[PDB]
């Protein structure tokens, strides 16, 4: 199944292992799954971040191919373990790819792809927050654009707290800035901007849903010496439009 909508609550599973076959049946498809790091914990999907490791080497980086569209939304709950080691930060949650789906230091300067995802980050002074990681035509650096936004805008996020995250994306047309990127967390708008995802219209469509949970960053101080856990629940995905 290449779905256009999904509603997953993991409520039908016994506490225990969660295979990529399980992931395929809930998501329709889920590529790049690493089932030794997925686990059902009390009606909840738990993802393990391995100690002394970053990116795919320690986390779970899955893409769910979806029905191509020009407008999409999703909702989900995310909770860090009550004893989570924040460390420097990393990627969390469900987002969207457009076109070639640029990530990982490959900026969308060529007008052929981008992504809408979210990170956590801890500053030198110890403030911890969520922040956008947006790859798009006009991203200023090789890595994701934050638009300078953070949730909360003052203070820090908190371990053990359930954050309800709403993500909405809209394709742009041609070379116009008439696309949209939007992230709302517990009712607060973190990001809501016009954006130019692409300049090549053959790559303007939303093509899959990202499910990326990892530490880093690529420097070793983003690592943690303990295995760490992030809990997801209530994923609702909905195609809104396809406008060729």
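Positions refer to the first chain, counted from 1.
- The top Cα temperature factor in the record, among 41, 213, 210, 218, falls on 41.
- Annotation for residue 102: CA B-factor lies in the lowest third of the chain's modelled residues.
- When the CA B factors of the chain's modelled residues are split into thirds, the value for residue 62 lands in the middle one.
- Residue-level temperature factors show residue 149 in the highest third of its chain, judged at the C-alpha atom.
- Annotation for residue 225: CA B-factor lies in the lowest third of the chain's modelled residues.
- Annotation for residue 156: CA B-factor lies in the lowest third of the chain's modelled residues.
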